[PDB]
Every structure is written in structure tokens, then in C-alpha cells.
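These numbers come from the heavy atoms of this one structure, side chains and all, not from hydrogens, waters or symmetry mates. Letters A, B, ... are given to chains in the order of the sequence lines, protein chains preceding strands, and every chain is numbered from 1.
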2 protein chains.
Amino acid sequence: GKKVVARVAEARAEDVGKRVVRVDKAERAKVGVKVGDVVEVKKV
Amino acid sequence: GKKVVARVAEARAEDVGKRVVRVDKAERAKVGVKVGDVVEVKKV
């Protein structure tokens, strides 16, 4: 299966309407990431 | 390693300033996802 290498970012005003995966504070604590960290996005 | 189960969403105006992973059209084609699809986010 293919996957996307990406970085946690702070959504910008120009990002409205664009496709994103939201990662809230609790989810970030679980994964152990802060803004700027590299993550992998995989299709389920 | 822990991972987050999430869904591709359309960023809202209230999402500005919040942490997201941006997935553009090309990236979505690679992963094979559309808005509404379940994905897994893993820390690298």
C-alpha cells in the first residue's frame, strides 16, 4: 500500500476548503508529535 | 509505536491555527483517498 510522508502543520487561512487530516492535542500526545514533526499517512 | 485513526476532512474556517496534516490532490491520488476516507497517521 502507498503512503504519504508529511509534516504536522498549523492550518492557514488559505487552507480553508483544502483536504486535511486534523490531529488534536490528545491525538498529538498519543502519537508523540508537535507541529513541525514528520508523520506517515496511510490508507486504511 | 502509537498511531492515530483519522478521516480526511475539508478544513473549516474554525480550523485555522489548529494542527493538521495537509494532503493535496497528488498526495490523495498516491494514497488512493477522497474526503471522508479513513487513514492512519503514524509518527516517524
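Although no hydrogens or angles enter the test, the distance criterion places no donor-acceptor pair under 3.5 Å between the side chain of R28(B) and the main chain of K34(B).
Sorted by first and then second residue, the salt bridge (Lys or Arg N to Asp or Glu O under 4.0 Å) pairs involving residues 35-44 of chain B (not counting sequence neighbours) are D37(A)-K43(B), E40(A)-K42(B), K42(A)-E40(B), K43(A)-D37(B), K3(B)-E40(B).
Grouping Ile, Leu, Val, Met, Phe, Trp and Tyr by side-chain contacts under 4.5 Å, direct or through others, puts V33(A) with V4(A), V8(A), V21(A), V23(A), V31(A), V39(A), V41(A), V4(B), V8(B), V21(B), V23(B), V31(B), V33(B), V39(B), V41(B). Taking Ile, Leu, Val, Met, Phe, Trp and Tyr as members and joining any whose side-chain heavy atoms lie under 4.5 Å apart, directly or through other members, the hydrophobic cluster of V44(B) also contains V5(A), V38(A). Members clustered with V20(B): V20(A), by chain and number, using a 4.5 Å side-chain heavy-atom cutoff among hydrophobic residues.
Applying the side chain to side chain donor-acceptor pair (under 3.5 Å) test to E10(B) and every residue at least two apart in sequence or in another chain returns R19(A). Applying the side chain to side chain donor-acceptor pair (under 3.5 Å) test to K30(A) and every residue at least two apart in sequence or in another chain returns nothing.
Across all non-hydrogen atoms, the minimal contact from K18(B) to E14(B) is CE-O, 3.0 Å. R12(B) approaches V16(A) most closely through the heavy-atom pair O-CG2, 3.8 Å.
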